[PDB]
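Heads up, the chain below is alone and in the form deposited in one PDB entry; it's given as structure tokens.
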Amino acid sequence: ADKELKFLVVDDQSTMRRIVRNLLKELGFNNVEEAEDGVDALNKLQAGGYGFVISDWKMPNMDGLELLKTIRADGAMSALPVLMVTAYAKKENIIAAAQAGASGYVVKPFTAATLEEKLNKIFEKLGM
């Protein structure tokens, strides 16, 4: 994918946002911004330029399932890639996110290899 692709990394825990941003850097992506919940995320997204979202689920203000649903319903960003990265491992959580339009789903804790593989899976799917 284009190394100038702009990422928004969304999670209410700074430790996890820091993990993801550093992994992206290693993969060659330095155009990376952060958001602390789905409301903060939407404000950043509305400001423009984003080409990929990596998002937690459990967050205050607006959770990641609601964020994914909002993105997918909005005409301006309906096909924006959204990778869910979350501690929720139950099949019903994976179903709800998949059915809501998740581009992919990674369960915490995850390895560096897993994040790279699932990102690449999405790039290939979208021809990026």
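Residue numbers here begin at 1 and follow the sequence given.
Beyond what is shown, the protein has a form deposited with a partner chain bound; the following relates to that form.
The closest non-hydrogen atom of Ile94 lies within 4.5 Å of its partner chain in the entry with it bound. Interface residue remark: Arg21 is not counted as part of the site for its partner chain in the entry with it bound, having no heavy atom within 4.5 Å.
In the entry with it bound, its partner chain sits within 4.5 Å of a heavy atom of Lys121.
For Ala79, no non-hydrogen atom is located within 4.5 Å of its partner chain in the entry with it bound, even though that partner is not displayed. For the marked spot (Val32, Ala47 and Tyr50), a heavy atom within 4.5 Å of its partner chain in the entry with it bound is absent from each of the three residues.
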